[PDB]
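J.: Got upload34.txt for you, compact mmCIF, C-alpha atoms and all ligand atoms:
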# COMPACT_ATOMS: atom_id res chain seq x y z
CA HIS A 3 7.34 -15.92 -28.68
CA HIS A 4 4.93 -14.92 -25.87
CA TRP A 5 5.92 -13.81 -22.39
CA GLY A 6 6.87 -16.18 -19.58
CA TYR A 7 9.49 -16.76 -16.91
CA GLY A 8 12.32 -18.36 -18.98
CA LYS A 9 15.77 -16.96 -19.91
CA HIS A 10 14.44 -15.91 -23.32
CA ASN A 11 10.92 -14.63 -22.50
CA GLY A 12 11.16 -13.77 -18.77
CA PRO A 13 10.89 -10.54 -16.75
CA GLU A 14 14.08 -8.97 -18.23
CA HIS A 15 12.41 -9.19 -21.69
CA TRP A 16 8.89 -7.95 -20.87
CA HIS A 17 9.67 -4.23 -21.39
CA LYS A 18 10.00 -4.77 -25.17
CA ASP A 19 6.24 -5.67 -25.56
CA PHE A 20 5.15 -3.81 -22.34
CA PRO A 21 7.30 -0.65 -21.95
CA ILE A 22 5.50 0.21 -18.62
CA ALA A 23 7.75 -2.58 -17.21
CA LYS A 24 10.28 0.28 -16.56
CA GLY A 25 7.56 2.62 -15.12
CA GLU A 26 7.28 4.62 -11.93
CA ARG A 27 4.76 2.32 -10.12
CA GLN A 28 5.89 -1.28 -10.82
CA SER A 29 5.41 -4.35 -8.59
CA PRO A 30 6.62 -6.26 -6.76
CA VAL A 31 8.95 -4.27 -4.41
CA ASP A 32 11.17 -5.00 -1.46
CA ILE A 33 9.39 -3.97 1.73
CA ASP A 34 12.03 -2.23 3.92
CA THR A 35 10.35 -2.73 7.33
CA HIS A 36 12.54 0.00 8.90
CA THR A 37 11.52 2.60 6.22
CA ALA A 38 7.78 1.70 6.10
CA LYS A 39 5.89 4.08 8.37
CA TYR A 40 2.90 3.37 10.55
CA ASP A 41 -0.07 5.31 9.07
CA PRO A 42 -2.72 6.19 11.72
CA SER A 43 -5.05 7.46 8.92
CA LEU A 44 -5.51 3.83 7.61
CA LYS A 45 -9.14 2.70 8.33
CA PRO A 46 -9.70 -0.88 9.57
CA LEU A 47 -9.20 -3.54 6.81
CA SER A 48 -12.37 -5.61 6.03
CA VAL A 49 -11.81 -9.00 4.32
CA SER A 50 -15.46 -10.22 3.89
CA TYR A 51 -15.21 -13.68 2.24
CA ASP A 52 -18.25 -15.50 3.92
CA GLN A 53 -20.43 -15.46 0.72
CA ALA A 54 -17.61 -16.38 -1.73
CA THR A 55 -18.62 -18.48 -4.80
CA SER A 56 -15.60 -20.26 -6.33
CA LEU A 57 -16.19 -21.61 -9.87
CA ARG A 58 -13.20 -23.23 -11.63
CA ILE A 59 -9.47 -23.85 -11.29
CA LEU A 60 -7.33 -23.29 -14.41
CA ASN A 61 -3.69 -23.85 -15.48
CA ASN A 62 -3.07 -20.73 -17.68
CA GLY A 63 0.57 -21.72 -18.46
CA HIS A 64 1.85 -19.08 -15.93
CA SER A 65 0.19 -20.16 -12.68
CA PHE A 66 -3.05 -21.82 -11.61
CA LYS A 67 -6.03 -19.60 -11.01
CA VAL A 68 -9.24 -20.09 -8.98
CA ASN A 69 -12.02 -17.75 -10.28
CA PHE A 70 -15.08 -16.47 -8.36
CA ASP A 71 -18.57 -15.33 -9.26
CA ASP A 72 -18.15 -11.51 -9.08
CA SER A 73 -21.51 -10.72 -10.82
CA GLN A 74 -22.66 -9.33 -7.38
CA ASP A 75 -21.12 -8.26 -3.98
CA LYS A 76 -20.21 -11.63 -2.41
CA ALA A 77 -16.53 -11.87 -1.37
CA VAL A 78 -15.28 -8.24 -1.00
CA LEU A 79 -12.31 -6.27 0.33
CA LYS A 80 -12.88 -2.78 1.80
CA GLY A 81 -11.27 -0.38 4.31
CA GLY A 82 -7.55 0.01 5.02
CA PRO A 83 -6.20 2.22 2.23
CA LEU A 84 -9.25 1.52 -0.03
CA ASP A 85 -12.24 3.74 -0.89
CA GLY A 86 -15.44 1.76 -1.69
CA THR A 87 -15.91 -1.93 -2.52
CA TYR A 88 -13.55 -4.33 -4.27
CA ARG A 89 -14.88 -7.69 -5.44
CA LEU A 90 -12.75 -10.86 -5.36
CA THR A 91 -12.41 -12.18 -8.94
CA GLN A 92 -9.59 -14.75 -8.64
CA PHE A 93 -6.62 -16.01 -6.67
CA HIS A 94 -3.37 -17.52 -7.88
CA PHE A 95 0.14 -18.22 -6.57
CA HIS A 96 3.78 -17.60 -7.35
CA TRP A 97 6.37 -20.13 -6.15
CA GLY A 98 9.96 -21.30 -6.47
CA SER A 99 12.07 -24.30 -7.38
CA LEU A 100 13.43 -24.30 -3.74
CA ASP A 101 11.83 -23.27 -0.42
CA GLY A 102 14.11 -20.13 -0.19
CA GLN A 103 12.59 -18.42 -3.23
CA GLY A 104 9.18 -18.01 -4.86
CA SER A 105 7.66 -14.83 -3.47
CA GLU A 106 7.36 -11.64 -5.55
CA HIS A 107 7.43 -9.18 -2.65
CA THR A 108 10.39 -9.51 -0.27
CA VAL A 109 10.65 -8.31 3.35
CA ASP A 110 14.06 -6.78 4.18
CA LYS A 111 15.25 -8.74 1.05
CA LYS A 112 13.88 -12.05 2.49
CA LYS A 113 12.21 -14.27 -0.15
CA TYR A 114 9.38 -16.62 0.93
CA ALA A 115 8.66 -20.03 -0.65
CA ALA A 116 5.54 -18.68 -2.37
CA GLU A 117 3.05 -15.78 -2.49
CA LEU A 118 -0.79 -15.93 -2.77
CA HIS A 119 -2.48 -13.07 -4.62
CA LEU A 120 -6.21 -12.48 -4.11
CA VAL A 121 -7.21 -10.13 -6.97
CA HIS A 122 -10.12 -7.67 -6.51
CA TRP A 123 -11.65 -4.92 -8.65
CA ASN A 124 -13.33 -1.60 -7.71
CA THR A 125 -17.11 -1.99 -8.29
CA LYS A 127 -17.33 1.84 -9.07
CA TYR A 128 -15.94 0.84 -12.54
CA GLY A 129 -18.67 -1.78 -13.20
CA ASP A 130 -16.45 -4.56 -14.58
CA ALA A 131 -12.93 -5.89 -14.04
CA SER A 132 -11.67 -4.89 -17.55
CA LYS A 133 -12.62 -1.24 -17.08
CA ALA A 134 -11.33 -1.33 -13.47
CA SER A 135 -7.95 -2.80 -14.58
CA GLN A 136 -7.25 0.49 -16.48
CA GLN A 137 -7.96 2.94 -13.57
CA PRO A 138 -5.25 4.02 -11.09
CA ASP A 139 -7.52 2.90 -8.19
CA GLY A 140 -9.20 0.05 -10.15
CA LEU A 141 -7.60 -3.07 -8.58
CA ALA A 142 -6.54 -4.25 -5.11
CA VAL A 143 -4.42 -7.33 -4.57
CA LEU A 144 -4.19 -8.92 -1.15
CA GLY A 145 -0.76 -10.64 -0.99
CA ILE A 146 0.00 -13.39 1.54
CA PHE A 147 3.42 -15.00 1.96
CA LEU A 148 3.82 -18.77 2.32
CA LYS A 149 6.60 -20.33 4.39
CA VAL A 150 7.29 -24.06 4.59
CA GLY A 151 6.52 -25.60 7.97
CA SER A 152 3.19 -27.06 9.22
CA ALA A 153 0.46 -27.87 6.65
CA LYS A 154 -2.29 -25.36 5.87
CA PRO A 155 -5.52 -27.40 6.01
CA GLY A 156 -7.46 -24.75 3.97
CA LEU A 157 -4.96 -25.21 1.08
CA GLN A 158 -5.27 -29.01 0.81
CA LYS A 159 -8.39 -28.97 -1.46
CA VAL A 160 -6.30 -26.85 -3.93
CA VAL A 161 -3.25 -29.14 -3.73
CA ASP A 162 -5.40 -32.26 -4.30
CA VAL A 163 -6.94 -30.99 -7.60
CA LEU A 164 -3.58 -29.90 -9.20
CA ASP A 165 -3.07 -33.45 -10.66
CA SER A 166 -6.24 -32.76 -12.77
CA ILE A 167 -4.83 -29.47 -14.31
CA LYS A 168 -1.18 -30.47 -14.89
CA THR A 169 -0.81 -28.74 -18.30
CA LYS A 170 -1.51 -25.31 -19.79
CA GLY A 171 -5.19 -24.93 -20.84
CA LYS A 172 -6.59 -27.58 -18.43
CA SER A 173 -9.42 -26.51 -16.05
CA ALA A 174 -11.57 -28.35 -13.43
CA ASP A 175 -14.72 -27.63 -11.38
CA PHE A 176 -13.69 -25.94 -8.11
CA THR A 177 -17.00 -24.97 -6.41
CA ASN A 178 -17.56 -24.49 -2.67
CA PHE A 179 -13.93 -23.56 -1.94
CA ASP A 180 -13.68 -21.12 1.01
CA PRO A 181 -10.77 -18.66 0.66
CA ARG A 182 -11.09 -17.73 4.37
CA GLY A 183 -9.04 -20.96 4.96
CA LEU A 184 -5.98 -19.35 3.23
CA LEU A 185 -5.77 -16.30 5.63
CA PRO A 186 -3.36 -15.95 8.55
CA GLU A 187 -4.66 -14.91 12.03
CA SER A 188 -3.46 -11.27 11.74
CA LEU A 189 -4.53 -8.68 9.16
CA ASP A 190 -1.48 -6.43 9.94
CA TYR A 191 -0.32 -5.21 6.50
CA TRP A 192 1.87 -3.00 4.39
CA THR A 193 0.33 -1.04 1.50
CA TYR A 194 1.67 0.85 -1.50
CA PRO A 195 0.56 1.84 -5.01
CA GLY A 196 1.82 -0.56 -7.68
CA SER A 197 1.03 -2.69 -10.70
CA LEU A 198 0.14 -6.09 -12.01
CA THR A 199 3.29 -8.29 -11.71
CA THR A 200 2.53 -9.95 -15.10
CA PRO A 201 1.95 -8.44 -18.52
CA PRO A 202 0.32 -6.10 -19.28
CA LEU A 203 1.83 -4.76 -16.00
CA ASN A 204 -0.96 -2.12 -15.61
CA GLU A 205 -0.13 0.53 -12.90
CA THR A 206 -3.65 0.13 -11.45
CA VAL A 207 -3.12 -1.90 -8.24
CA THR A 208 -3.35 -0.93 -4.57
CA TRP A 209 -1.16 -3.61 -2.96
CA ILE A 210 -2.06 -4.88 0.53
CA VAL A 211 0.66 -7.32 1.69
CA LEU A 212 -0.01 -9.12 5.00
CA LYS A 213 2.88 -9.20 7.46
CA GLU A 214 2.06 -12.69 8.86
CA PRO A 215 2.89 -15.53 6.43
CA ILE A 216 0.80 -18.71 6.31
CA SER A 217 2.65 -21.98 6.94
CA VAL A 218 2.23 -24.70 4.31
CA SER A 219 3.89 -28.11 4.35
CA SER A 220 6.79 -29.25 2.13
CA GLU A 221 4.35 -31.84 0.65
CA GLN A 222 1.88 -29.04 -0.28
CA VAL A 223 4.49 -26.86 -2.08
CA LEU A 224 6.02 -29.95 -3.78
CA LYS A 225 2.59 -30.45 -5.43
CA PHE A 226 2.71 -26.89 -6.90
CA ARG A 227 6.12 -27.78 -8.44
CA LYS A 228 4.61 -30.79 -10.31
CA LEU A 229 2.54 -28.47 -12.53
CA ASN A 230 3.72 -27.81 -16.10
CA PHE A 231 4.12 -24.56 -18.09
CA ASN A 232 3.69 -26.60 -21.30
CA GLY A 233 0.44 -27.87 -22.86
CA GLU A 234 -0.57 -31.62 -23.08
CA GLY A 235 1.88 -33.52 -25.36
CA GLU A 236 4.57 -30.81 -25.48
CA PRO A 237 8.01 -31.29 -23.82
CA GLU A 238 7.76 -31.14 -19.95
CA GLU A 239 8.85 -27.80 -18.37
CA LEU A 240 8.05 -27.78 -14.64
CA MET A 241 6.00 -24.72 -13.53
CA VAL A 242 8.52 -23.35 -10.94
CA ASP A 243 10.02 -19.85 -10.39
CA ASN A 244 6.98 -18.06 -11.85
CA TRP A 245 7.79 -14.87 -9.90
CA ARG A 246 8.85 -11.39 -11.02
CA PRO A 247 11.71 -9.96 -8.92
CA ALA A 248 11.50 -6.74 -6.88
CA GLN A 249 11.29 -3.54 -8.96
CA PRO A 250 12.51 -0.02 -8.11
CA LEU A 251 10.42 1.68 -5.44
CA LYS A 252 11.05 5.12 -7.11
CA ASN A 253 8.99 7.92 -5.49
CA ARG A 254 6.75 5.68 -3.38
CA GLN A 255 6.10 5.26 0.34
CA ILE A 256 5.13 1.91 1.86
CA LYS A 257 2.70 2.47 4.78
CA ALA A 258 2.25 0.01 7.70
CA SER A 259 -1.11 -0.64 9.38
CA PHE A 260 0.62 -1.53 12.67
CA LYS A 261 3.13 0.04 15.15
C1 LIG B 1 -9.17 -9.35 -16.76
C2 LIG B 1 -7.91 -8.92 -16.50
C3 LIG B 1 -7.42 -8.43 -15.18
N1 LIG B 1 -7.52 -9.44 -14.11
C4 LIG B 1 -7.71 -8.72 -12.85
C5 LIG B 1 -6.32 -8.23 -12.53
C6 LIG B 1 -5.42 -9.38 -12.96
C7 LIG B 1 -6.27 -10.22 -13.93
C8 LIG B 1 -5.63 -10.38 -15.32
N2 LIG B 1 -4.41 -11.17 -15.27
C9 LIG B 1 -4.32 -12.31 -14.56
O1 LIG B 1 -5.28 -13.04 -14.39
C10 LIG B 1 -3.01 -12.61 -13.90
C11 LIG B 1 -2.63 -11.72 -12.90
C12 LIG B 1 -1.48 -11.97 -12.16
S1 LIG B 1 -0.89 -10.77 -11.02
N3 LIG B 1 0.35 -11.40 -10.23
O2 LIG B 1 -1.95 -10.51 -10.11
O3 LIG B 1 -0.42 -9.67 -11.79
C13 LIG B 1 -0.73 -13.11 -12.36
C14 LIG B 1 -1.09 -14.00 -13.33
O4 LIG B 1 -0.48 -15.22 -13.48
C15 LIG B 1 0.81 -15.39 -12.90
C16 LIG B 1 -2.21 -13.74 -14.14
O5 LIG B 1 -2.47 -14.53 -15.25
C17 LIG B 1 -1.38 -14.50 -16.18
ZN ZN B 2 0.25 -12.63 -8.82
Represent the supplied structure as structure tokens.

T.:
Amino acid sequence: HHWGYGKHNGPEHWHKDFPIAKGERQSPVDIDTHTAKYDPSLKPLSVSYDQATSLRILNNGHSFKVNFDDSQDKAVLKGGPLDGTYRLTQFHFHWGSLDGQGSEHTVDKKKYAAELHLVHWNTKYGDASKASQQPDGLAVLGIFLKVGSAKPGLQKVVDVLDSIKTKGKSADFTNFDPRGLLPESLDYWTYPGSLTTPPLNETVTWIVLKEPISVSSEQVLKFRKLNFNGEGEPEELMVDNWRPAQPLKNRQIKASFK
């Protein structure tokens, strides 16, 4: 009876195995754009993905994940609210059954069709496991997806999903450039939060870009053909793999922009 996104194992159940689900620093949140304050103390954000080394793509039964060689400083995030150097380790998505839902963060209660999470760890903690336990150990760059025009930089991901339909399947995914998933603007909101999946560690600095990327209906339809189930189990389409907004509690969301 392990965690998932169903009626019987979904986000309303996770607190029983992971009591921090009802904590003071949970993610995602609704971003109230009126409440969020411009922060002039935020340093320039640096998304340095030129030397990224993608390795594999994996269906983990929750999402699909692209992992990166993070054995040295290749693709890194620094600046903005961050101190020091955070290495890209993986990206994955969250998406819906319909184009009006799928994102984890919301913006003035607006849900997007999907959300991309680029997961990074603080190199002062030497590895991602040790980082994942420190209050400033992880940084996740969140990008909303809306349905409209195709995103050419996403198509190499969409075209391999056929090969990883079921939980436990992986494929080679070398020479993928995550710069092709970024919008033009790096305007962002930031707040202290958590992983949005078990174990829900309160160890994430969230950086959520204001500008969504457009993807086509054909691209998001391909996400919805994935399966939560393993090969030769009953088919359960991998859709609505998002946690809803959690209480903001005593936190401030800071904007990088006026
Ligand atoms: C080695 C453990 C820590 N690394 C770095 C932080 C997240 C990652 C561990 N967990 C994940 O890979 C993982 C993380 C997230 S999330 N939205 O970043 O919390 C989502 C997921 O699948 C919807 C994941 O797989 C279940
Ligand atoms: Zn995520």

J.: For residue 141 (chain A), please output as JSON, numbers by chain all residues within 7 Å (counting all atoms listed in the file; exclusion window: fewer than 6 positions along the same chain).

T.: {"A": [122, 123, 124, 134, 135, 206, 207, 208]}

J.: Between CA of residue 67 (chain A) and atom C16 of ligand LIG 1 (chain B), what is the spacing in Å?

T.: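 CA of residue 67 (chain A) lies 7.7 Å from atom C16 of ligand LIG 1 (chain B).
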
J.: Using all atoms listed in the file, find each residue in chain A having at least one atom no more than 6 Å away from ligand LIG 1 (chain B); report its shortest atom-to-atom pair and that distance in Å (one decimal), rows by chain then rising number, as JSON lines.

T.:
{"residue": "A:64", "atom": "CA", "partner": "B:LIG1", "partner_atom": "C15", "distance": 4.9}
{"residue": "A:65", "atom": "CA", "partner": "B:LIG1", "partner_atom": "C15", "distance": 4.8}
{"residue": "A:121", "atom": "CA", "partner": "B:LIG1", "partner_atom": "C5", "distance": 5.9}
{"residue": "A:131", "atom": "CA", "partner": "B:LIG1", "partner_atom": "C1", "distance": 5.8}
{"residue": "A:132", "atom": "CA", "partner": "B:LIG1", "partner_atom": "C1", "distance": 5.2}
{"residue": "A:135", "atom": "CA", "partner": "B:LIG1", "partner_atom": "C3", "distance": 5.7}
{"residue": "A:198", "atom": "CA", "partner": "B:LIG1", "partner_atom": "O3", "distance": 3.6}
{"residue": "A:199", "atom": "CA", "partner": "B:LIG1", "partner_atom": "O3", "distance": 4.0}
{"residue": "A:200", "atom": "CA", "partner": "B:LIG1", "partner_atom": "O3", "distance": 4.4}

J.: Excluding same-chain residues fewer than 2 positions from region 216-226 of chain A, what lies within 8 Å of it counting all atoms listed in the file, as a ChimeraX atom specification?

T.: /A:97,146-154,157-158,161,164,184-186,214,228-229,241-242

J.: For the selection just defined, write its residues with C-alpha atoms to a file, as a PDB file, keeping the file's coordinate frame.

T.:
ATOM      1  CA  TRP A  97       6.370 -20.130  -6.150  1.00  0.00           C
ATOM      2  CA  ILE A 146       0.000 -13.390   1.540  1.00  0.00           C
ATOM      3  CA  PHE A 147       3.420 -15.000   1.960  1.00  0.00           C
ATOM      4  CA  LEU A 148       3.820 -18.770   2.320  1.00  0.00           C
ATOM      5  CA  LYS A 149       6.600 -20.330   4.390  1.00  0.00           C
ATOM      6  CA  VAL A 150       7.290 -24.060   4.590  1.00  0.00           C
ATOM      7  CA  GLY A 151       6.520 -25.600   7.970  1.00  0.00           C
ATOM      8  CA  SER A 152       3.190 -27.060   9.220  1.00  0.00           C
ATOM      9  CA  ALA A 153       0.460 -27.870   6.650  1.00  0.00           C
ATOM     10  CA  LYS A 154      -2.290 -25.360   5.870  1.00  0.00           C
ATOM     11  CA  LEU A 157      -4.960 -25.210   1.080  1.00  0.00           C
ATOM     12  CA  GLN A 158      -5.270 -29.010   0.810  1.00  0.00           C
ATOM     13  CA  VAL A 161      -3.250 -29.140  -3.730  1.00  0.00           C
ATOM     14  CA  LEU A 164      -3.580 -29.900  -9.200  1.00  0.00           C
ATOM     15  CA  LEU A 184      -5.980 -19.350   3.230  1.00  0.00           C
ATOM     16  CA  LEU A 185      -5.770 -16.300   5.630  1.00  0.00           C
ATOM     17  CA  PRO A 186      -3.360 -15.950   8.550  1.00  0.00           C
ATOM     18  CA  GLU A 214       2.060 -12.690   8.860  1.00  0.00           C
ATOM     19  CA  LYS A 228       4.610 -30.790 -10.310  1.00  0.00           C
ATOM     20  CA  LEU A 229       2.540 -28.470 -12.530  1.00  0.00           C
ATOM     21  CA  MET A 241       6.000 -24.720 -13.530  1.00  0.00           C
ATOM     22  CA  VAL A 242       8.520 -23.350 -10.940  1.00  0.00           C
TER      23      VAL A 242
END

J.: Quick one: residues within 6 Å of region 30-39 of chain A, all atoms listed in the file, excluding same-chain residues fewer than 3 positions away - as a list in words?

T.: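 Listing them by chain and then by number gives residues 106, 107, 108, 109, 110, 248, 249, 256, 257 and 258 of chain A.
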
J.: Just to be explicit: take each residue in the selection above, keep C-alpha atoms, and write the result as a short mmCIF file (atom, residue, chain, number, x, y, z; two decimals), in the frame of the given file.

T.:
data_model
loop_
_atom_site.label_atom_id
_atom_site.label_comp_id
_atom_site.auth_asym_id
_atom_site.auth_seq_id
_atom_site.Cartn_x
_atom_site.Cartn_y
_atom_site.Cartn_z
CA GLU A 106 7.36 -11.64 -5.55
CA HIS A 107 7.43 -9.18 -2.65
CA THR A 108 10.39 -9.51 -0.27
CA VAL A 109 10.65 -8.31 3.35
CA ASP A 110 14.06 -6.78 4.18
CA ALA A 248 11.50 -6.74 -6.88
CA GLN A 249 11.29 -3.54 -8.96
CA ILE A 256 5.13 1.91 1.86
CA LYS A 257 2.70 2.47 4.78
CA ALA A 258 2.25 0.01 7.70
#

J.: What is the distance, in Å and to one decimal place, between CA of residue 155 (chain A) and CA of residue 49 (chain A)?

T.: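 Pair CA of residue 155 (chain A) / CA of residue 49 (chain A) returns 19.5 Å.
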
J.: Let me have all residues with an atom within 7 Å of ligand ZN 2 (chain B), counting only C-alpha atoms and all ligand atoms, laid out as a ChimeraX atom specification.

T.: /A:94-96,118-119,199

J.: Rounded to one decimal in Å, what is the spacing between CA of residue 48 (chain A) and CA of residue 81 (chain A)?

T.: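 Straight-line distance from CA of residue 48 (chain A) to CA of residue 81 (chain A) works out to 5.6 Å.
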
J.: Taking only C-alpha atoms into account, name the residue in A:233, A:247, A:196, A:171 that is nearest to residue 27 (chain A).

T.: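 Checking each candidate against residue 27 (chain A), we get A:196 as the closest.
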
J.: What are the centre and edge lengths in Å, to one decimal, of the axis-aligned box around all listed atoms of region 239-254 of chain A with 6 Å added on each side, as AutoDock Vina command-line options?

T.:
--center_x 9.3 --center_y -9.9 --center_z -10.9 --size_x 18.5 --size_y 47.7 --size_z 27.0

J.: Compile the contact shell of residue 80 (chain A) as a compact mmCIF listing (two decimals) with C-alpha atoms, keeping the file's coordinate frame: residues with an atom at most 12 Å away, counting all atoms listed in the file, same-chain residues fewer than 4 positions apart removed.

T.:
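result-v5.txt written:
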# COMPACT_ATOMS: atom_id res chain seq x y z
CA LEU A 44 -5.51 3.83 7.61
CA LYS A 45 -9.14 2.70 8.33
CA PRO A 46 -9.70 -0.88 9.57
CA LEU A 47 -9.20 -3.54 6.81
CA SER A 48 -12.37 -5.61 6.03
CA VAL A 49 -11.81 -9.00 4.32
CA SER A 50 -15.46 -10.22 3.89
CA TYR A 51 -15.21 -13.68 2.24
CA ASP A 75 -21.12 -8.26 -3.98
CA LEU A 84 -9.25 1.52 -0.03
CA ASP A 85 -12.24 3.74 -0.89
CA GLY A 86 -15.44 1.76 -1.69
CA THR A 87 -15.91 -1.93 -2.52
CA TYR A 88 -13.55 -4.33 -4.27
CA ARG A 89 -14.88 -7.69 -5.44
CA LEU A 90 -12.75 -10.86 -5.36
CA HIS A 122 -10.12 -7.67 -6.51
CA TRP A 123 -11.65 -4.92 -8.65
CA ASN A 124 -13.33 -1.60 -7.71
CA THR A 125 -17.11 -1.99 -8.29
CA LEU A 141 -7.60 -3.07 -8.58
CA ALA A 142 -6.54 -4.25 -5.11
CA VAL A 143 -4.42 -7.33 -4.57
CA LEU A 144 -4.19 -8.92 -1.15
CA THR A 208 -3.35 -0.93 -4.57
CA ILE A 210 -2.06 -4.88 0.53
